Structure formats: C-alpha cells, structure tokens
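# Reading the structure
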Amino acid sequence: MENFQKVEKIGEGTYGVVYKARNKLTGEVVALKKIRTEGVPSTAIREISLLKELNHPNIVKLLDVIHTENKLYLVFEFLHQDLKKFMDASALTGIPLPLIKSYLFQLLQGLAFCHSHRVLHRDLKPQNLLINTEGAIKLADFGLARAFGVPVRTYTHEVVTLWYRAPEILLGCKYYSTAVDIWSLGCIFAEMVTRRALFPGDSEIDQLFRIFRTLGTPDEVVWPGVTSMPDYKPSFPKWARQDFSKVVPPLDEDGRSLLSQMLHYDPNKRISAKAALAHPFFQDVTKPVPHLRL
Ligand SMILES: Nc1nc(Nc2ccc(S(N)(=O)=O)cc2)sc1C(=O)Nc1cccc(F)c1
C-alpha cells in the first residue's frame, strides 16, 4: 500500500480489486490484487506458494505475496490488456484467424502446464486472459475456490459471469477436474471466432439450458451418469443437438472438430490440453503480433 502507489483501478476480480501500481522503490509497474477478512485461512498460502513457484510463459507471474491484517496482497507482473477489451476492440473486423489460433495454442500450453502440476484454473474468461504487444497471452486469476470460496458474487454485489461454466459444475458436481478449464477455453475459442458469446446465460438454469439448446439435452448415452447428478431433473426439456456448422461459422472443419472435442458433455471424453495441442488444427500455427491500442 505504501511501497506502492495505486496508479489506477483495473478491475473487480471475484476475490478483490486489481490495481495498476508502481513500486516506489524499484520503479516497476505491476498489477496488485487486494484479497477480500477475519483471519486469512493459512491453508490457502500453500496454494499461493505453489503458484509463485509456477513458471511458464503463458501464466501471469506472481511476483510477491503480502499477508498483513486480514489483507492479502498479490503482486503480479503487469500485462498490457485483457482479451475482453481486445475482442471488443476487434468486433468490427474480428480477430484474424492466425492470431486466434496462436492465442488458443498458447492458452492450451498454459493449461497443459498447470494441469500437469495439478493446478486447476476453474474460472477462465476473457477478462482474465491477458495479452502483450509481443503476441503472448497469459492465464491470470487462478480462481482459488478451494484456497478461498464461492459465496454469491465477486466481493461487493457484482454479477458473476456464468458463460464459461462447464455443465458438470452447473449440474452440481462438487469436484471439478481439469476438464472444466478445457470447456471454458472452448467457449472462449468459439467467441473469438464468431464475435458473440457462445452461451450467454443470465442465471445458472438459463446457462444450462442455453448449453442444452445448442448441444442437445445430454442423456445417458452421451454422458453416462448424467441423470444421477445433484441438480439434474428428469423434468429438463429435451432439446436436439444443433450442427456445429451453424454454431461456429466460418470456423474451418479442423477448428470445429477441435471445438467439438473441447465441448463434449462427458468430462471424461472431453479432450485434454495436451492432446488438444497435437490436434491438426495447429499444424500451421504461428505467432502473429496483435494491433493493440493502449
Ligand atoms: N497481471 C495483470 N495485468 C493486468 N493488466 C491489465 C491491463 C489492462 C486491462 S484493460 N481492461 O484491457 O484495459 C486489463 C488488465 S490485470 C492482471 C491481473 O493479474 N489481474 C487479476 C485478475 C483477477 C485476479 C488476480 F489475482 C489478478
């Protein structure tokens, strides 16, 4: 708070506010997140610790961790812009396919790395995917649902986005697998391509039903065990599955086949980040530099 001079407020994470700040000593510009209170569960520091020791080009680097008076500060390397802003800025023309491919490929490397270190992101969304002028994209905000909790909002009455939530989460599964991050990334990939959220739900049930309306109401054939899930209701409407050709035009067939594997209902059939990296869609992958307006 003192060694840092809050330059500007950057956002409202689901755990606290993020500020752009400068280290009045080292002159470095960083992203500082203030964590939301009555003791600060130490159990989380462990989670945090593993994070600082995590080092990969596609994961935002956690520089310093500061615990002081129910207040937990996380100091991250500062990235230039988030993917939400970039997508909005690119809405008239769309992000060029080679860049979409580059970003997806890089995020999959980020996830493959996290997942191999047994770390789950849990809340991937455009707002927490950060980019720089050099063409990189990194994963920020690693949820920390176990390292903290999922009350009702972000921290001060704010509409949490459910658009990228995997169906198994929406159906009440208490234990998520790495597959939930692949689902979220698939939703994001579709969005980059079409310039419209794939499943823009405004409530958990609306989110679930929009998924059902597009991918078809799941049943025991495509998703063994689904009818026994916590929030599953035999009374759910039975919608037929729509063709991907209609869901994500003009994504070429390789892109659509990859997307379909990222959006399989069954967490166990859903493609892994490692396997996704070997998908033919990335045969011609390159690393373009984006036109960023900072
Ligand atoms: N590292 C890092 N850099 C950031 N910069 C940034 C600059 C401009 C825009 S923008 N709306 O495009 O102009 C957006 C972001 S944000 C962030 C970060 O790490 N957030 C974060 C989020 C949630 C939890 C958490 F712990 C950290």
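Residues numbered from 1 in each chain as written, not as in the entry; some residues may be left out. Heavy atoms only, no water.

As summarised from the PDB record, the model derives from X-ray crystallography at a stated resolution of 1.95 Å.

By the naming in the PDB entry, the protein goes by Cyclin-dependent kinase 2 and is assigned to Homo sapiens. Within the Protein Data Bank, this record goes by the title "CDK2 in complex with inhibitor RC-2-135".

To continue, consider the pattern of salt bridges. All chains considered together, the criterion is met by ten salt bridges. With a shortest N-O distance of 2.8 Å, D284 and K101 are connected by a salt bridge. Highlighted residues: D284 in the segment after α9 (273-277) and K101 in helix α3 (residues 97-116), separated in sequence by 183 residues. You can call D284 partly exposed: its relative accessible area is 45%. Residue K101 is classed as buried on the basis of its relative accessible area, which comes to 7%. Residue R270 is joined to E168 by a salt bridge in which the shortest nitrogen-to-oxygen separation is 2.9 Å. One end of the pair, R270, is in the loop between α8 (253-262) and α9; the other, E168, is in helix α4 (residues 167-170), with 102 residues separating them in the sequence. Given a relative accessible area of 6%, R270 falls into the buried group. (Salt bridge = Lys/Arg side-chain N within 4 Å of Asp/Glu carboxyl O. Helix = DSSP H or I, 4+ residues; strand = E, 2+ residues; numbered from the N terminus. Buried < 20%, exposed > 50% of the residue type's maximum accessible area, 1.4 Å probe, protein only.)

Look at the UniProt record and you will see "active site" annotated at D123. Along the chain, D123 falls in the loop between α3 and β7 (129-131). Residue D123 is classed as buried on the basis of its relative accessible area, which comes to 8%. Residue contacts for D123: discarding those within four places in its chain leaves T14, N128, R165 and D181. (UniProt positions renumbered as here; feature names shortened; annotations may be inferred. Contact = heavy atoms within 4.5 Å.)

What follows is about the packing of helix α5 (residues 179-194) against α8. Where α5 meets α8, the axes come as close as 8 Å, and the angle between the chain directions of the two elements is 145°. Crossing handedness for the pair α5 and α8: left-handed. Along the contact surface, α5 presents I182, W183, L185, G186, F189 and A190, while α8 presents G255, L258, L259 and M262. Per-class residue counts for the contact of α5 with α8 are eight nonpolar, two polar and no charged. (Axes fitted to C-alpha atoms, helices over the stretch in contact; angles between N-to-C directions. Left-handed = near helix turned anticlockwise from the far one by under 90°. Nonpolar A, V, L, I, M, F, W, Y, C, P; charged D, E, K, R; others polar.)

Take α8 next. Burial in α8 covers these residues: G255, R256, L258, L259, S260 and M262. In this structure, the buried residues of α8 make contact with α3, α5, α7 (244-247) and α9. Sitting at the amino-terminal end of α8 is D252, which places a side-chain oxygen 2.9 Å from the backbone nitrogen of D254. (Polar contact = N/O pair within 3.5 Å; in protein donor to acceptor, adjacent residues only side chain to side chain.)

Around the ligand, a shell composed of 15 residues is seen, among which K33, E77, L79, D82 and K85 lie nearest. Here an oxygen atom of the ligand sits 3.4 Å away from a polar atom, N or O, in the side chain of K85. Look at the ligand: alone it shows 600 Å² of surface, and the protein chains cover 86% of it. Those elements that provide at least two residues to the shell around the ligand are β3 (29-35), β5 (71-77) and β6 (81-82). The two domains that each donate at least three residues to the shell around the ligand are domain 1 (1-80) and domain 2 (81-291). (Near = heavy atom within 4 Å. Areas by Shrake-Rupley, 256 points an atom, 1.4 Å probe, with all protein chains shown as cover. Domains from an automatic or database assignment.)

Time to look at the domain arrangement of the protein. Domain assignment breaks the protein into domain 1 (1-80) and domain 2 (81-291). Taking the mean C-alpha position of each, domain 1 and domain 2 sit 25 Å from one another. Listed as interface residues are 24 residues of domain 1 and, on the opposing side, 34 residues of domain 2. Here domain 1 and domain 2 share an interface that buries about 2,500 Å² over both sides, 62% of which is from carbon and sulfur atoms. The largest contributions to the domain 1 side of the interface with domain 2 come from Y15, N58 and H80, which together make up 27% of the buried area. Taken together, the connections running from domain 1 to domain 2 amount to two salt bridges. Residues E77 and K138 are paired through a salt bridge, measuring 2.9 Å at the closest nitrogen-oxygen approach. (Buried area = accessible area lost by both parts, 1.4 Å probe.)

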